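Chains as they are written, first to last, in the numbering used here: chain A, -4 to 438; chain B, 5 to 94. Beneath this line is the structure, given in C-alpha cells, with notes to follow.
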Amino acid sequence: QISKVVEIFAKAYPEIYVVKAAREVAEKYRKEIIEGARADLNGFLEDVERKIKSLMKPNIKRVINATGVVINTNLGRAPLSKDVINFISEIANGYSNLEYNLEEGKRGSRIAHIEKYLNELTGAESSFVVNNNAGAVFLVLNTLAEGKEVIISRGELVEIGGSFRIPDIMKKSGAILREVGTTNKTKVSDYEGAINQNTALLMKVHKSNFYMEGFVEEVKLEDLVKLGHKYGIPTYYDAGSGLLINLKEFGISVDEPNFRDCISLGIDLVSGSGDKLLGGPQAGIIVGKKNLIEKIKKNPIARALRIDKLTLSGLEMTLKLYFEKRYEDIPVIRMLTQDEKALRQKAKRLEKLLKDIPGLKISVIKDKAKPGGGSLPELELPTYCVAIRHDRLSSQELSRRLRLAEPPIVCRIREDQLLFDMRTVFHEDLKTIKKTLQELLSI
Amino acid sequence: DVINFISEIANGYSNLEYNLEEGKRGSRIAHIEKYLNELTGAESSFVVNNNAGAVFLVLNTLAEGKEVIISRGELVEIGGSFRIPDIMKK
C-alpha cells in the first residue's frame, strides 16, 4: 500500500512526490500483472525511487543538438540569442506597457509596438502578428474568403507538422477551396481558368518541408500578381519560412522567398512563422496592404490568436537586431552562415577533449548534410562531424544513454558510427560533452 | 529481331483478325493476351492504343457518373496534354 512506501522513504524524499511516485508505479504493476506480463514485484523499490528522482525535475529541458539541423521541429526550432532572452526576462519580471500607451495614459493595442519595425523592414503598407503561422493562415482565409472561393495549386496543398494541412484548415476556415493544375505541374491558365464571381482569393503556398524533382512546372509569382490586378483579385502568399531578407547576401545561394522581395514584387498579403528563418519566438507574421490588414485586425478571432507578452517582447528584440544588421546574434542565421573553416575549428577542438577518455575511437569527417528542417528542404551544405566509436558500447546504445544524460545529447547515427554535426553545437557545450562521455564509459 | 518480325507481318496479309482453325474471324487482341496472362498472372488481360486511353477506358467503363477516390499527391501531368484530372473528367 501507499502508506508502507511512505514509511520506506521518510526523510529520503518529500512526502508529496513519494506518493505521486507510488501511485504511477502502482497503476503500472496493476495493469502489467492484470495483463499477465509480470512475475516479479522486486523492481518496485528501485522504480518508485527513479520516479521520485525524475518527478523532481522539469519535463522540458535544454538539449544539446548534434544533428546539424538548424531548424529542428522536434527540438524547438530557432533558439534565442541571450540578448533577446534577457529582454524577454526583463519584461516578464514585472508590469510593462504591453497594452498601455504612456503618452495618452490610456489603453493601447499591443501589436502596435512591433508593427513599426515590420513595415520598415519589408515595405508593406501595414502589418500584424498572431499566435503562429498556422493561425495566420486560418485568419487570412476566414477574414477574406468566408463562403467564397480561393484558388490554389494542387501542388501546394501541404501537410507540414503533424496536424496542419492547408485543405483541412482552409475547410474549417470557412473558405471554399478551388484546386487548379496537377500535382507536378501548374501553368498560369489553370489559375485564371477557375476565376469567377465567387473567387475572393488567389493563394500560393511555398513548399517548405518538401520538394519535387523531375518534370515540374510552377506558376511564377510575377504572373499571379499580374493575373489578380487583371480581375481585381487579392493575392496571398504563405512563405512559411518567413525569411526576412535576401539570403544570397550571406553567400548561401538559394531561391528561398522573403518578405521584402515578395512584397515589392506586388503580392497583397504575405505570412510566415517567426520561429523559422526569422530566428525569433513562435509567431504568425502577416504583412501587406493597409486596407487588408485593417480588415484582418477587425475580425474577432484575432483576439483568440493575439500573441502573449513573452513572444511579443522577444520578437521586438529580434526585430531590433535585424535593423542593426547584428545578424550573427540571431542563432539561426549564424548557424547557417558559419564558415566551413569555422566548423572544422570546432570539430578538432572537441576531438582534442576526448582523446583521453578510455575506449574512444575518434575521427573527423567532412560530410554534406541538409541543415534546414522545416524551412529549407533542398539545401545541402558541407559540415564537419566528429564521428566516434566505443569498443565496449555500440553506437545505438550510445545514442540512447546520451539522450538520458543531464543535460541530454541528441545525435545522428550512421553505419554503427555515432556522429556530431558541428553546425548546431554551441561552444559551452563541448566541455559538457566531454564530461558526459567520461561519466558514461568510466562508470 | 522485333523489327524483322514486324517487317514480315507488314509485307502482306496476315491472320490478324483471322482464326485459322475455325476459318472464321477472330479478335485481334486474342493473339497477345495469352502471353500477358502468363507473365503477369492476372485472370485476364487486354490491350489498347497507349496507357493514356487505358486509363480513360478503365474509368469510363467502371466509373462513369460514379466517384473515383485518388490521392491528392498522385494527380499527375505526364507529357504535354495528359493530366489525370483533365482526362478523368472527360
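Using N, Cα and C, we set each Cβ at its ideal position, and we do this for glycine too.
Distance cutoff 8 Å, beta carbons only. Does residue i sit that close to anything in chain A?
i	result
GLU25(B)	no
Residue range of the beta strand (DSSP E) that residue i falls in?
i	result
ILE360(A)	355 to 364
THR332(A)	Here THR332(A) belongs to no beta strand (DSSP E), and DSSP marks it neither H nor E.
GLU144(A)	144 to 148
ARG384(A)	376 to 385
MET165(A)	No beta strand (DSSP E) holds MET165(A); the alpha helix (DSSP H) holding it covers 161 to 168.
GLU174(A)	171 to 175
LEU264(A)	264 to 268
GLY283(A)	279 to 283
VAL125(A)	121 to 125
Below 7 Å on C-beta distance, what does residue i contact in chain A?
i	result
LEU79(B)	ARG149, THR177 and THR178
Determine the burial state of residue i: buried for a count of at least 16 other Cβ atoms within 10 Å of its Cβ, exposed for fewer.
i	result
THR138(A)	buried
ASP386(A)	exposed
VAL13(A)	buried
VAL200(A)	buried
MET51(A)	exposed
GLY309(A)	buried
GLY267(A)	buried
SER370(A)	buried
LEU316(A)	buried
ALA34(A)	exposed
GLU251(A)	buried
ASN81(A)	exposed
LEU273(A)	buried
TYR232(A)	buried
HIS108(A)	buried
In the DSSP assignment, the alpha helix (DSSP H) including residue i goes from what residue to what residue?
i	result
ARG396(A)	390 to 398
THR431(A)	422 to 436
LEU196(A)	That residue, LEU196(A), is in no alpha helix (DSSP H); its beta strand (DSSP E) goes 194 to 200.
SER49(A)	39 to 50
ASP256(A)	254 to 260
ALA61(A)	Where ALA61(A) is concerned, there is no enclosing alpha helix (DSSP H), given that its DSSP letter is neither H nor E.
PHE9(B)	6 to 14
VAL62(B)	55 to 66
residue 441(A)	This structure cannot settle anything about residue 441(A), because the visible part of chain A is limited to -4 through 438.
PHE318(A)	304 to 318
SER184(A)	183 to 188
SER(-2)(A)	-3 to 3
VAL13(A)	10 to 29
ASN114(A)	107 to 116
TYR226(A)	216 to 226
Quiz prompt | Residues in the stretch 158 to 190 of chain A having any Cβ partner in chain B nearer than 7 Å | solution = Per Cβ criterion, the list reads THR177, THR178, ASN179 and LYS180.
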